[PDB]
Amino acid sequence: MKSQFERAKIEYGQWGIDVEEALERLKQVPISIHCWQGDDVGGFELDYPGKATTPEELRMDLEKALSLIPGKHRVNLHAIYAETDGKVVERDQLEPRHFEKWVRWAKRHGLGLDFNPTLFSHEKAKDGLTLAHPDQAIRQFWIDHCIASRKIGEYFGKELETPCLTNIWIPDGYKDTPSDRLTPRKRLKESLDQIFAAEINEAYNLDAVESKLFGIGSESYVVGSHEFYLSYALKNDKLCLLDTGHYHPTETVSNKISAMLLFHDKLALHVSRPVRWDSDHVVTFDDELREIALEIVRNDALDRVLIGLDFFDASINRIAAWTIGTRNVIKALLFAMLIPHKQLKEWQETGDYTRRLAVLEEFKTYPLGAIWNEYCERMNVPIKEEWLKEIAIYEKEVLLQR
């Protein structure tokens, strides 16, 4: 087989694409994978079979997937994954102790940890408003929670010697047509001001705001819109986090990256396949994923774009969702590394649209597979479909016994 790799490399090398430099480079990009795929977003507070229902089930499940995904990565956690020890602990009261085990496990595995406060599935979120709720006592609870979550993020970064991204997503909005779009937004601004009042060293923690266009039950209006967070983050030196499923029909995260890189040091990204609404299907190796990777790489933004997954498909093997999802994004970055950017750029500069079109096109049939397979061999994860066998045995022996 390995001649295929040698032969593949001379094809890319005829363009001066150094595949050895690309693999060296790819090796180091971490992808933050999301814990909630493992237990259908259950968490530990107070239809496909085999989910995790237990911290020790979830960590094992994560290990299984990680061992099938080449490289070294991070795990992205939600506050409701706190380990309380059988004590009822309220969300405004969560503390570094409540994530001690996660941090120990991450250290053990060489992982980073990213965090999120949870502002859904909760008594105090029942009216569909949280940070932007009319009642001052509700807003304050959620504020205290977010502040607690930042503290927990600071804890992660200090402990793991890699900054944690603490991302705020709120569900706040209305099912139907609002009579006031201004007042809830105003309240959101005021809540976020208070959440970010205390400074945290950015070696330990970075904050992100995540917009959404609509959700089920928040259909006609959501408070934390794209224009809102884009202005807020820029005003207050915060990261925007972009979810490829959180935008308009035909709306493109690839088109935004480059523009944001001009005005923001760093940018955060959640990848998820939306199908007609924000369905959070599993990421696929598709045109827009390739296009994103091209922007990341082309723009020399590998350390500037913090790449994460977010999807929850309960219709298939969940270890498999993780392994497919993450291998696709890696494959896309690899493909983007294997593009002749200099010639493509020069062609664009000189108005040679004919060649720019032609080669972009011709590169879609370059031996990507052979480069992808060799990289899997060296990074000790199974090649091509062989990772399926590993999942089948773990389904039989572990998942199907639960």
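So that there is no doubt, residue numbering starts at 1 and follows the sequence shown.
Novice: Going by the record, give me the number of deposited-sequence residues missing between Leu46 and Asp47 as none, 1 to 3, 4 to 9, or 10 or more.
Specialist: The entry has a long gap there, with 10 or more residues left out between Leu46 and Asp47.
Novice: Would you tell me which stretch averages the higher CA B-factor in the PDB entry, 83-91 or 183-191?
Specialist: Comparing averages over the C-alpha atoms only gives 83-91.
Novice: For the C-alpha atoms alone, is the average B factor greater in 304-312 or in 198-206, going by the entry?
Specialist: Comparing 198-206 with 304-312, the higher average CA B-factor belongs to 198-206.
Novice: Going by the deposited entry, which of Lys124, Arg298, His226, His145 has the highest CA temperature factor?
Specialist: Going by the entry's C-alpha B-factors, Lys124 comes out highest.
Novice: By the CA temperature factor listed in this entry, which of these ranks top: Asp114, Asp286, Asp172, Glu161?
Specialist: Highest CA B-factor of the listed options: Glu161.
Novice: Lowest, middle or highest third: which one holds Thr326 when the chain's residues are ordered by CA B-factor from the entry?
Specialist: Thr326: CA B-factor falls in the lowest third of its chain.
Novice: In terms of the chain's CA B-factor thirds, is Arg59 lowest, middle or highest?
Specialist: Lowest third - that is where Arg59 ends up once the chain's C-alpha B-factors are sorted.
Novice: Looking at the entry's B-factor column for C-alpha atoms only, identify whether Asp265 ranks in the lowest, middle or highest third of its chain.
Specialist: For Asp265, the deposited C-alpha B-factor lands in the middle third.
Novice: Would you please rank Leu294 by its C-alpha temperature factor against the other modelled residues of its chain and give the third it falls in: lowest, middle or highest?
Specialist: Its C-alpha B-factor belongs to the lowest third of this chain's values.
Novice: Using only modelled residues of the chain, where does the Cα B factor of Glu377 rank: lowest third, middle third or highest third?
Specialist: Within its chain, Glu377 is a highest-third residue by C-alpha B-factor, going by the deposited values.
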